[PDB]
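Asker: Let me give you the structure first, and then I'll get to my questions.
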2 protein chains.
Amino acid sequence: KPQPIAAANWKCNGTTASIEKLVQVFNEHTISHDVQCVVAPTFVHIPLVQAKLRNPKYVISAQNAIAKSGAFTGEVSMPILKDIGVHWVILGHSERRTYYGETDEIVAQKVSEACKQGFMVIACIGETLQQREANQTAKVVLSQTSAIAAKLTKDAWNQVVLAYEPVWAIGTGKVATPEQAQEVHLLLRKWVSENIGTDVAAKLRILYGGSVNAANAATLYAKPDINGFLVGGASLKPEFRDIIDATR
Amino acid sequence: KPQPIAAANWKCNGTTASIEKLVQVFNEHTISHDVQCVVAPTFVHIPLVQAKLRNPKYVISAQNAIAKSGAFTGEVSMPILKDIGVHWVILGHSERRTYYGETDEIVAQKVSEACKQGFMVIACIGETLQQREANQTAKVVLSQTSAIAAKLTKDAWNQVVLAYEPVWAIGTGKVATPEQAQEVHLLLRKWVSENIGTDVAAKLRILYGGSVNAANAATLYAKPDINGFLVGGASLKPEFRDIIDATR
């Protein structure tokens, strides 16, 4: 397997005091294996986390961005993030697709621009409960992935991490079973192998997210095509340490 | 007139180096009259500006927010801002109404929540060129204002600043004439006086924005119902000092 990733999506949460305490916990956890840890604070907390986070296995990610600076009140651009030292971004999270109008073509454009600007990108894909029950999971996730792929060159895939998060698993407590997740990860990896390249597919990290916790992480990671996790609720807690260690 | 406001909406712009230089300029400008200056950096630059800005006439504002923390990847909430020391927010900017789906009811809800949480709010309203040419300016701005008003109590208006920004003037170089701006500000103030209270109307700041620069600011401020400015492009430049001083 390629190098795993354990990514903490703090979403729209945190106070300075709670973040200081949690970062201390993460700093004091010695990670002995090869894993890339990622923490994605809210924009306003990025400087605090940059100042306090010292664990060498971690990088900081933004939770969203727009491609260019300019007259976009309220938004944060990729050049602005790069200038402050952030070169990872999560794009296309279900919450943004649902609440904030991010269509496949908007996500694909953002991913393309992030790659051109040198970011590592965690690009999120996943089906809704209605799509799953209609036996459309594969069509949906492949359509989301091919929309992204259409805007990328083969070289750019070195910067891409895919995160499969069934929408019905996000925040609900209803994690996908290892078999459910593995079926989708395998389908995605096969599509990448056939449509992009077998060398790309072998090195591509495909993360699972949606109700990962420290108790279910190891049995997800045991599956051959799962390369780590994008973690929401449990990444606000000290048991994120055990999620990291489940990628051994 | 009530205390004027000179507000800098930096939009999605800045680097750490350019911000450090501009904040130094603002720090070294001694303001002798009673004015509230506001600077609204991007979220990621708020901590930098908090650290460097020392001019006592300034407060820091966010350019947007959502009302509550939670599972809203990419967004920043009002409690998070309050915790970091930011208690001003711009809401309903034209760019967010246009690009990011903020309807009158979304803006009104955000304004209401911000007021409940103790923020000072700069709430933006304004008509498009098509609405102006259809002689709908008054209907539009009063409809936007009454949507906000419907969610507020009379007491909350102490926290509200209205910013009238004709959409056709934002970023285009085509500033409203003093007479155009004054006509709308007077109509707004009259509506507030009749529908909210004459005491509220007398103390309410109504700012103009849309292509304000240091040369046109003084002839806008001379009008009786203009209480300052929301400034985009020119607030990234040293001549913001002269915009502030045009509110004497």
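Convention: chains lettered A, B, ... in structure tokens order; per-chain residue numbering from 1; ligands numbered from 1 as shown.
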Taking 6 positions as the minimum chain separation for residues in the same chain, which residues sit within 9 Å of residue 164 in chain B when counting only C-alpha atoms? Answer as a tab-separated table (two decimals) with C-alpha atoms, in the first residue's frame.

Answerer:
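Okay, this is what ended up in selection11.tsv:
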chain	number	residue	atom	x	y	z
B	123	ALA	CA	-25.50	44.80	6.44
B	124	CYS	CA	-25.25	45.44	2.71
B	125	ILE	CA	-28.11	46.35	0.40
B	126	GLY	CA	-28.29	47.72	-3.10
B	127	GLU	CA	-29.86	47.51	-6.53
B	141	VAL	CA	-33.53	48.53	-1.22
B	181	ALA	CA	-26.52	58.27	-2.94
B	184	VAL	CA	-31.38	56.47	-1.34
B	185	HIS	CA	-29.92	57.15	2.09
B	206	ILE	CA	-25.91	54.39	6.60
B	207	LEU	CA	-22.71	54.00	4.66
B	208	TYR	CA	-22.20	54.33	0.95
B	209	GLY	CA	-19.98	52.00	-0.98
B	210	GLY	CA	-19.10	51.40	-4.59
B	230	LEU	CA	-17.54	50.79	2.79

Asker: Compute the chain A side of the contact with chain B at 10 Å, counting only C-alpha atoms, and hand it back as a VMD selection string.

Answerer: chain A and resid 9 to 17 40 to 48 62 to 66 68 to 77 79 to 84 90 to 96 99 to 102 170 to 171 232 to 233

Asker: Excluding residue 37 in chain A and its own-chain neighbours fewer than 6 positions away, which residues fall within 9 Å of it when counting only C-alpha atoms? Please give them as a PDB file with N, CA, C and O atoms, in the first residue's frame.

Answerer:
ATOM      1  N   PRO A   4      -0.142   5.866   4.024  1.00  0.00           N
ATOM      2  CA  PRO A   4      -1.490   6.217   4.449  1.00  0.00           C
ATOM      3  C   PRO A   4      -1.575   7.664   4.874  1.00  0.00           C
ATOM      4  O   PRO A   4      -0.579   8.307   5.194  1.00  0.00           O
ATOM      5  N   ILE A   5      -2.809   8.138   4.931  1.00  0.00           N
ATOM      6  CA  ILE A   5      -3.139   9.463   5.403  1.00  0.00           C
ATOM      7  C   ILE A   5      -4.191   9.342   6.470  1.00  0.00           C
ATOM      8  O   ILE A   5      -5.179   8.626   6.304  1.00  0.00           O
ATOM      9  N   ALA A   6      -4.016  10.075   7.541  1.00  0.00           N
ATOM     10  CA  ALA A   6      -5.037  10.239   8.562  1.00  0.00           C
ATOM     11  C   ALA A   6      -5.325  11.715   8.640  1.00  0.00           C
ATOM     12  O   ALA A   6      -4.466  12.500   9.045  1.00  0.00           O
ATOM     13  N   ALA A   7      -6.511  12.110   8.219  1.00  0.00           N
ATOM     14  CA  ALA A   7      -6.843  13.518   8.081  1.00  0.00           C
ATOM     15  C   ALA A   7      -7.968  13.896   9.021  1.00  0.00           C
ATOM     16  O   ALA A   7      -9.003  13.217   9.082  1.00  0.00           O
ATOM     17  N   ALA A   8      -7.777  14.975   9.741  1.00  0.00           N
ATOM     18  CA  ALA A   8      -8.730  15.525  10.696  1.00  0.00           C
ATOM     19  C   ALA A   8      -9.430  16.713  10.069  1.00  0.00           C
ATOM     20  O   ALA A   8      -8.803  17.755   9.851  1.00  0.00           O
ATOM     21  N   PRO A  56       6.021  16.152  13.744  1.00  0.00           N
ATOM     22  CA  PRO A  56       6.538  16.225  12.381  1.00  0.00           C
ATOM     23  C   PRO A  56       5.749  15.451  11.374  1.00  0.00           C
ATOM     24  O   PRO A  56       5.991  15.626  10.176  1.00  0.00           O
ATOM     25  N   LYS A  57       4.821  14.617  11.800  1.00  0.00           N
ATOM     26  CA  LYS A  57       4.035  13.863  10.863  1.00  0.00           C
ATOM     27  C   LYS A  57       2.842  14.634  10.336  1.00  0.00           C
ATOM     28  O   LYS A  57       2.117  14.084   9.510  1.00  0.00           O
ATOM     29  N   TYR A  58       2.622  15.853  10.795  1.00  0.00           N
ATOM     30  CA  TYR A  58       1.424  16.591  10.434  1.00  0.00           C
ATOM     31  C   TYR A  58       1.691  17.709   9.457  1.00  0.00           C
ATOM     32  O   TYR A  58       2.736  18.375   9.500  1.00  0.00           O
ATOM     33  N   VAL A  59       0.733  17.926   8.579  1.00  0.00           N
ATOM     34  CA  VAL A  59       0.632  19.124   7.782  1.00  0.00           C
ATOM     35  C   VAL A  59      -0.731  19.728   8.066  1.00  0.00           C
ATOM     36  O   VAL A  59      -1.643  19.074   8.586  1.00  0.00           O
ATOM     37  N   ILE A  60      -0.867  20.978   7.685  1.00  0.00           N
ATOM     38  CA  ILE A  60      -2.109  21.708   7.866  1.00  0.00           C
ATOM     39  C   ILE A  60      -2.784  21.852   6.530  1.00  0.00           C
ATOM     40  O   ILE A  60      -2.145  22.163   5.512  1.00  0.00           O
ATOM     41  N   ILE A 244      -4.955   7.365  13.959  1.00  0.00           N
ATOM     42  CA  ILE A 244      -3.663   7.397  13.299  1.00  0.00           C
ATOM     43  C   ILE A 244      -2.990   6.050  13.429  1.00  0.00           C
ATOM     44  O   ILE A 244      -2.448   5.504  12.459  1.00  0.00           O
TER      45      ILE A 244
END

Asker: Quick check for you: according to DSSP on this backbone, which residues of range 12-137 of chain B are classed as helix (DSSP H, G or I)? Reply as a ChimeraX atom specification.

Answerer: /B:16-28,43-52,78-84,94-99,104-116,129-133,137

Asker: What gap, in Å, lies between CA of residue 248 in chain B and CA of residue 168 in chain B?

Answerer: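 A separation of 27.2 Å between them.
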
Asker: Identify, on the basis of only C-alpha atoms, every residue whose closest approach to residue 139 in chain B does not exceed 12 Å; exclude the query and any residue fewer than 3 positions from it along the same chain; express the result as a ChimeraX atom specification.

Answerer: /B:125-128,131-132,134-136,142-146,184,187-188,191

Asker: Excluding residue 27 in chain B and any residue of its chain fewer than 6 positions from it, enumerate the residues within 8 Å of it, using only C-alpha atoms, and give them as a PDB file with N, CA, C and O atoms, in the first residue's frame.

Answerer:
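Saved result, part-v2.pdb, follows:
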ATOM      1  N   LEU B  53      -2.111  45.573  14.097  1.00  0.00           N
ATOM      2  CA  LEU B  53      -2.873  46.803  14.053  1.00  0.00           C
ATOM      3  C   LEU B  53      -2.962  47.384  15.447  1.00  0.00           C
ATOM      4  O   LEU B  53      -3.374  46.714  16.401  1.00  0.00           O
ATOM      5  N   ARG B  54      -2.550  48.632  15.572  1.00  0.00           N
ATOM      6  CA  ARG B  54      -2.492  49.298  16.862  1.00  0.00           C
ATOM      7  C   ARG B  54      -3.246  50.612  16.898  1.00  0.00           C
ATOM      8  O   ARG B  54      -3.470  51.147  17.989  1.00  0.00           O
ATOM      9  N   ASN B  55      -3.683  51.124  15.771  1.00  0.00           N
ATOM     10  CA  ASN B  55      -4.345  52.404  15.747  1.00  0.00           C
ATOM     11  C   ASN B  55      -5.633  52.293  16.533  1.00  0.00           C
ATOM     12  O   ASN B  55      -6.465  51.425  16.222  1.00  0.00           O
TER      13      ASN B  55
END

Asker: Of the candidates B:211, B:149, B:67, B:86, which shows the shortest atom-to-atom distance to residue 173 in chain B, using only C-alpha atoms?

Answerer: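 For residue 173 in chain B, the nearest of the candidates is B:211.
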
Asker: Where in range 115-232 of chain A does DSSP assign strand (DSSP E), given as a PyMOL selection string?

Answerer: chain A and resi 120-125+160-164+206-209+228-231

Asker: Write the residues of the selection above to a file with N, CA and C atoms, as a CSV table (one decimal), in the first residue's frame.

Answerer:
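What ended up in selection.csv:
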chain,number,residue,atom,x,y,z
A,120,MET,N,-1.5,19.9,-2.5
A,120,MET,CA,-2.0,18.5,-2.4
A,120,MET,C,-3.5,18.7,-2.1
A,121,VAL,N,-4.3,17.9,-2.7
A,121,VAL,CA,-5.7,18.0,-2.7
A,121,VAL,C,-6.3,16.8,-2.2
A,122,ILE,N,-7.2,16.9,-1.2
A,122,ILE,CA,-8.1,15.8,-0.8
A,122,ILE,C,-9.4,16.1,-1.5
A,123,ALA,N,-9.8,15.3,-2.5
A,123,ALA,CA,-11.0,15.6,-3.2
A,123,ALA,C,-12.1,14.6,-2.8
A,124,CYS,N,-13.2,15.1,-2.4
A,124,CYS,CA,-14.2,14.2,-1.8
A,124,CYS,C,-15.3,13.8,-2.8
A,125,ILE,N,-15.7,12.6,-2.7
A,125,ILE,CA,-16.7,12.0,-3.6
A,125,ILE,C,-17.6,11.1,-2.7
A,160,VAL,N,-3.1,14.4,-5.9
A,160,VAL,CA,-4.5,14.2,-5.6
A,160,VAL,C,-4.6,13.0,-4.6
A,161,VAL,N,-5.5,13.1,-3.6
A,161,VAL,CA,-5.9,12.1,-2.8
A,161,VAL,C,-7.4,12.1,-2.9
A,162,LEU,N,-8.0,10.9,-3.1
A,162,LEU,CA,-9.5,10.8,-3.2
A,162,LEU,C,-10.0,10.4,-1.8
A,163,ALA,N,-11.1,11.0,-1.4
A,163,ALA,CA,-11.8,10.6,-0.1
A,163,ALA,C,-13.2,10.2,-0.5
A,164,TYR,N,-13.4,8.9,-0.3
A,164,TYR,CA,-14.8,8.4,-0.5
A,164,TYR,C,-15.5,8.5,0.8
A,206,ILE,N,-6.7,6.5,-1.6
A,206,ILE,CA,-8.1,6.6,-1.5
A,206,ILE,C,-8.5,6.4,0.0
A,207,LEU,N,-9.0,7.5,0.6
A,207,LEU,CA,-9.3,7.5,2.0
A,207,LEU,C,-10.8,7.2,2.1
A,208,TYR,N,-11.2,6.6,3.2
A,208,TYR,CA,-12.6,6.5,3.6
A,208,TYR,C,-12.9,7.5,4.6
A,209,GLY,N,-14.1,8.1,4.6
A,209,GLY,CA,-14.6,8.8,5.7
A,209,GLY,C,-16.1,8.7,5.8
A,228,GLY,N,-6.5,5.1,4.4
A,228,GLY,CA,-6.6,6.0,5.5
A,228,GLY,C,-7.9,6.6,5.5
A,229,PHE,N,-8.0,7.7,6.2
A,229,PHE,CA,-9.3,8.2,6.7
A,229,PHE,C,-9.4,9.7,6.6
A,230,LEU,N,-10.6,10.2,6.4
A,230,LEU,CA,-10.9,11.5,6.6
A,230,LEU,C,-11.9,11.5,7.7
A,231,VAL,N,-11.6,12.2,8.8
A,231,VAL,CA,-12.3,12.0,10.0
A,231,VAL,C,-12.8,13.3,10.5
